[PDB]
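Peer 1:
Numbering (the deposited numbering), first residue to last: 59 to 148.
(1) Below 8 Å, can you find three or more Cβ-Cβ pairs linking the region 100-108 to the region 74-86?
(2) Among 129, 112 and 71, which residue has its Cα nearest to the Cα of residue 141?
(3) Output needed for residue 149: all residues of its chain with C-beta closer than 6 Å, excluding positions within five of it in sequence on either side, in chain order.
(4) Could you compute how far the alpha carbon of residue 116 sits from the alpha carbon of residue 127?
(5) Which whole runs of the alpha helix (DSSP H) in the region 73-111 are 4 residues long or more, in chain order?
(6) Could you round the C-beta distance between residue 101 and residue 85 to whole angstroms and report it? I think they count as a contact, below 8 Å.
(7) Thinking just about the alpha-carbon of each residue, which of 147, 94, 109 and 143 is nearest to the one in residue 123?
(8) Are residue 99 and residue 137 closer than 8 Å when you measure CB to CB?
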């Protein structure tokens, strides 16, 4: 029940094409441990695949708020990049 533990957990699923499980964990993580930056990028990239793109953007935006305050440039960058690309779709 540890942030990284389930994060990595959610991450293996993603690899083994178990997106529904990956998403469950991700959403949970985002509300239990909201300032754990890593979740936001994969959740949004998942929302996009799930055709809930607009949801993905509110997540990239939520991620970018915590990343400025509690993240690292690497984290801030991937989110910023992700967000701008989602937007350049429609």
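For every residue, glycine included, the Cβ atom is placed at its ideal position computed from N, Cα and C.
Peer 2: Put simply:
(1) yes
(2) 112
(3) The question about residue 149 has no answer here: the residues shown for the chain are numbered 59 through 148.
(4) 17 Å
(5) 77-90 and 96-107
(6) 7 Å
(7) 94
(8) yes
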